[PDB]
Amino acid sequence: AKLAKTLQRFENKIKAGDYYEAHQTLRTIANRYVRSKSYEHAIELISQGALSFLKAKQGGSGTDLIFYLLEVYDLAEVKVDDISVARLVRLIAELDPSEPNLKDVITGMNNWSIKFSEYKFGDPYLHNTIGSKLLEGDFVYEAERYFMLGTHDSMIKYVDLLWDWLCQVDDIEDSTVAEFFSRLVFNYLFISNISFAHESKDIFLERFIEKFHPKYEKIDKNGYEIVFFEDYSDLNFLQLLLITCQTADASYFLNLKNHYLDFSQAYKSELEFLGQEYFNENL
């Protein structure tokens, strides 16, 4: 009954625009809870406080309180679960994509999720939201990584950014499409998400076909499909490469490389890794 009241006194000070006083008041109160090891109370107070600073466009204060929240999360050994992550998701929503500390805040959140879960690289559902924020700030390469390590929805969002990015390119080509497409094939092969690899390929190639009307014919054998392009050998290689990796058969991998000598050189590093992961080619 007392907590609801101090958060009202606080959001009064925030409507009034007394941001220094509000921050000051909240810190006294939060500190007292932290000091007495009353972590649930600190967590509720701090998070709520951070939220209203962010809603009030006070990026600095809100971001500081997010770090404070993460400190308490760590102190109270708050495990990654739905409630834990939702607090952070609700906060990520209010973050201006231009916040000077955006990347730090996101790394803070992710790092908590690594420490308190069994994911080396962090909770996927959290990654889905983080990814979107990063992209708003034009942090394209960081968004890519978080989406890659995200959910099904992230896969859709990943395809969309890549597709939008290809469309932004003024001087389209043969090698240009592959520069983007190859990223889906490789990244999802690297994390052994074959399903996302296939589904992203499908979405992407359909959109490519419907917009650019390339010359193609679908070759179908035993329930598998290669879209054979007339002018995109790159695209053929990348599709066959995926299915080859599924078989884990070195001879198919060798055949494939022997036929496309140039692509073997072009994707040298990527293929050495795939050879290790799917083949057994450690040196």
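When you see a residue number, it is the position in the sequence shown, counting from 1.
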Seminar exercise, completed: Comparing mean C-alpha B factor in the record for 193-201 and 91-99, the higher one is 193-201
Seminar exercise, completed: Of 166-174 vs 135-143, the stretch with the larger average CA B-factor in the entry is 166-174
Problem set entry | Highest recorded Cα temperature factor - choice among 259, 23, 9, 15 | 259
Exercise. Highest Cα B-factor in the PDB entry belongs to which of 212, 158, 73, 116?
Worked result: 212
Exercise. Among the modelled residues of its chain, does the C-alpha B-factor of residue 186 lie in the lowest, middle or highest third?
Worked result: middle
For this session: Name the third of the chain's ranked CA B-factors that contains residue 208, choosing lowest, middle or highest.
Result: highest
